Amino acid sequence: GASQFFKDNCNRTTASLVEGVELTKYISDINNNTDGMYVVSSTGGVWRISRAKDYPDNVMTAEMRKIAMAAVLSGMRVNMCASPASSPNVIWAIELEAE
Amino acid sequence: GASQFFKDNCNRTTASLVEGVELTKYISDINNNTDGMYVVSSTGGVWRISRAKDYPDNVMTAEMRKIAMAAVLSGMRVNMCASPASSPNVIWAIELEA
Amino acid sequence: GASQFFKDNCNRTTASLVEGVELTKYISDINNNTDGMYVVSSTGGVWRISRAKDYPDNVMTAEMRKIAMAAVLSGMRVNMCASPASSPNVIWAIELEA
Amino acid sequence: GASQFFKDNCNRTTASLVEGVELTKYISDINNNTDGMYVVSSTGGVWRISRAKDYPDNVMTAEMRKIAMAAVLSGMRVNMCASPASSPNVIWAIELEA
Amino acid sequence: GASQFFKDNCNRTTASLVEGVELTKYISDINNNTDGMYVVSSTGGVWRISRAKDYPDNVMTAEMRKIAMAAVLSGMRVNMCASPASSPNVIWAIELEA
Ligand SMILES: CC(=O)N[C@H]1[C@H]([C@H](O)[C@H](O)CO)O[C@@](O[C@@H]2[C@@H](O)[C@H](O)O[C@H](CO)[C@@H]2O)(C(=O)O)C[C@@H]1O
Ligand SMILES: CC(=O)N[C@H]1[C@H]([C@H](O)[C@H](O)CO)O[C@@](O[C@@H]2[C@@H](O)[C@H](O)O[C@H](CO)[C@@H]2O)(C(=O)O)C[C@@H]1O
Ligand SMILES: CC(=O)N[C@H]1[C@H]([C@H](O)[C@H](O)CO)O[C@@](O[C@@H]2[C@@H](O)[C@H](O)O[C@H](CO)[C@@H]2O)(C(=O)O)C[C@@H]1O
Ligand SMILES: CC(=O)N[C@H]1[C@H]([C@H](O)[C@H](O)CO)O[C@@](O)(C(=O)O)C[C@@H]1O
Ligand SMILES: CC(=O)N[C@H]1[C@H]([C@H](O)[C@H](O)CO)O[C@@](O)(C(=O)O)C[C@@H]1O
Ligand code: NA
Ligand code: NA
Ligand code: NA
Ligand code: NA
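Protein sequences appear in the order of chains D, H, E, G and F.
At position 75 of the first sequence (counting the first as 1) the number is 75 in the entry's author numbering, and the numbers step up by one without a gap.
At position 60 of the second sequence (counting the first as 1) the number is 60 in the entry's author numbering, and the numbers step up by one without a gap.
At position 74 of the third sequence (counting the first as 1) the number is 74 in the entry's author numbering, and the numbers step up by one without a gap.
At position 29 of the fourth sequence (counting the first as 1) the number is 29 in the entry's author numbering, and the numbers step up by one without a gap.
At position 27 of the fifth sequence (counting the first as 1) the number is 27 in the entry's author numbering, and the numbers step up by one without a gap.
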């Protein structure tokens with residue numbers, strides 16, 4: 001399960017906690033209006049990975065991408081803190097877990 | 001198979017959906033006129049990977065390259081949204097699947 | 001255990017040495033106030049990865065992130081030099097060990 | 001063997017096609033006059049990886065380096081389009097094959 | 001053993017050739033005075049990887065760091081061309097071997 005630190009952090013926001021997600025697809029799209037980076041879960045849920053041009057969020061968003069790839073390749077689960085304001089929901093934090 | 005999301009998004013465009021592709025070769029070329037990044041499938045199909053200098057497309061295009069390498073190394077399948085307007089067809093979206 | 005070199009370096013500083021840590025979670029967060037990169041140990045300990053905007057520290061911080069990911073994927077242990085001035089403690093140096 | 005696409009592209013040039021090469025060593029050098037990135041095959045052949053500072057060839061040359069490392073780690077073979085004009089021969093295109 | 005090419009290149013310089021090294025630790029440090037990237041061998045030898053902000057050495061130095069991590073993760077041996085003018089000795093060239 002999600003670390004208590006990860007849960008506490010997500011609980012201070014308007015975003016929602018999703019635990020123990022198996023990501024089975026990773027999408028890169030440059031088409032008009034659908035452009036972005038996405039992940040799809042084993043049950044068909046879809047989330048947008050945040051992007052940012054400048055420091056310091058350019059670092060965190062790059063690491064969210066690496067976490068997504070690593071999850072898809074390995075079958076390791078993730079915990080997400082995702083805003084329900086938009087569709088697909090935007091990932092504001094993510095936790096890769098080995099166990 | 002391709003996610004419904006991926007399919008819906010490709011369906012909005014002039015590009016073609018290609019599902020369950022096994023990529024077996026990855027090409028980097030700097031020669032005049034053939035310069036680019038390409039992938040080749042197990043049946044001999046060839047696609048050009050999109051490129052972009054600036055943000056935000058420089059992110060997506062970098063991740064296309066990472067998906068292509070990961071598919072070649074692992075034998076994981078991909079789904080593509082590829083324009084037939086040129087040869088080789090250009091990848092506008094790609095989905096790596098476990 | 002930590003190399004003597006790593007131990008000596010950490011000893012010059014106000015930071016604390018932590019040896020033989022198994023990292024099992026890796027966190028990226030962009031939320032207000034909690035924004036950052038973190039690692040979590042197998043027993044629940046939490047550390048923040050250093051960030052830096054400019055050269056040369058942004059090189060070293062990038063490699064800390066790579067070490068963290070590699071440790072989580074592989075189960076390889078790390079040794080850390082971490083400052084108690086903030087919570088979670090900030091990683092000033094890290095050593096990945098085979 | 002090399003894809004027909006890869007062969008056709010190399011055929012347009014003054015470079016030579018080399019097929020089914022096992023790369024066993026990967027070299028980074030910053031010494032005066034020998035500075036560069038190189039690969040060494042299982043028979044002892046040496047090639048220089050192309051380098052470029054600007055877009056778009058900075059993308060392709062980075063992917064050549066990624067291909068070279070991936071080949072060394074995995075034992076996956078490569079096909080090269082390499083110019084005999086210099087020594088070591090310079091890689092103008094490379095194909096990683098599963 | 002080290003390629004003839006690698007040996008010849010090191011033998012042009014005042015540096016020392018070290019062959020068949022097993023790297024077991026990789027270090028990233030941002031602390032004053034010890035800041036840098038280092039590797040430690042299975043026998044406790046320590047070497048520093050150089051840093052460079054600009055092209056072209058920013059490429060070669062990045063690849064030295066990739067070689068170091070790959071060696072630590074895999075147990076693949078390296079050959080080094082290392083100068084005794086600094087302590088730890090500085091890596092001027094490195095060769096990863098399968
Ligand atoms: C990624 C991120 O910024 N997350 C914020 C979030 C967004 O900025 C906001 O919802 C716009 O999309 O804002 C959060 O709420 C903030 C409050 O904590 C603060 O009192 O007031 C802020 C506006 O001045 C903002 O509403 C949220 O929605 O939970 C915090 C979250 O980290
Ligand atoms: C990657 C990308 O930009 N994809 C676009 C695509 C191309 O921009 C375009 O084909 C030129 O290379 O354009 C798409 O929509 C086109 C419209 O912009 C155009 O006005 O009308 C076209 C119909 O013939 C078409 O609608 C496309 O070709 O599907 C949208 C796509 O995301
Ligand atoms: C990587 C690259 O630029 N490759 C080119 C190559 C080089 O630009 C050139 O050899 C200098 O390194 O040039 C090629 O085209 C050549 C023409 O530039 C030359 O005028 O005539 C040559 C025939 O003797 C040749 O056509 C080449 O050498 O093949 C094309 C290649 O993509
Ligand atoms: C990462 C870093 O810079 N660490 C350095 C710190 C910090 O600059 C200050 O504590 C202010 O945070 O200063 C030292 O004197 C210390 O406290 O040991 C040396 C150390 O190398
Ligand atoms: C692929 C290619 O032609 N690379 C050449 C580059 C590029 O022209 C520039 O770096 C601009 O991208 O210039 C060099 O002096 C270099 O950087 O080593 C020689 C090299 O052959
Ligand atoms: Na909430
Ligand atoms: Na379509
Ligand atoms: Na100390
Ligand atoms: Na030719």
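Positions of the beta carbon are idealized from the N, C-alpha and C atoms, including for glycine.
At a cut-off of 7 Å, the C-beta of G/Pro56 has a neighbouring C-beta in chain H.
Within the stretch 36-71 of chain F, the complete beta strand (DSSP E) runs of at least 3 residues fall at 36-41 and 46-49. H/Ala15 has its CB nearer than 6 Å to a heavy atom of ligand 7.
Counting the other CB atoms within 10 Å of its CB gives H/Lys25 a total of 16 or more, which places it among the buried residues.
Our two residues, E/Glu22 and F/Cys81, have alpha carbons roughly 33 Å apart in a direct line.
C-alpha of E/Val90 to C-alpha of E/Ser83: approximately 5 Å in a straight line.
With the criterion set as a beta carbon lying under 9 Å from some beta carbon of chain E, the members of the stretch 7-33 of chain F are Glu22, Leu23, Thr24, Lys25, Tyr26, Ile27, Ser28, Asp29, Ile30, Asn31, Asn32 and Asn33, in sequence order. Per DSSP, the continuous alpha helix (DSSP H) segment holding D/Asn11 begins and ends at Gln4 to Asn11. Placement of the Cβ of D/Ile30 at a distance of less than 6 Å from at least one heavy atom of ligand 2 is found. With the rule of 3 Cβ pairs closer than 8 Å, the stretch 28-37 of chain E counts as touching the stretch 57-67 of chain D. Not one heavy atom of ligand 9 lies closer than 6 Å to the C-beta of E/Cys10.
For F/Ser87, the three-state secondary structure derived from DSSP is coil. Put simply, the CB of G/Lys53 is near chain F, with a gap under 7 Å to one of its CB atoms. Less than 7 Å separates the beta-carbon of E/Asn9 from that of F/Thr34. With a threshold of 7 Å between beta carbons, G/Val90 makes no contact with chain F. Around G/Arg65, the beta-carbon contacts reaching into chain F at under 7 Å are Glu63. In this structure, the C-beta of E/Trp92 approaches ligand 4 to less than 6 Å from one of its heavy atoms. Residue contact check for E/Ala98 against chain F: a CB pair falls below 7 Å. Interface flag for H/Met60 against chain D is set, since a Cβ pair is found closer than 7 Å.
Partner residues in the beta bridge of G/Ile27, as assigned by DSSP, are G/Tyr38 and F/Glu95.
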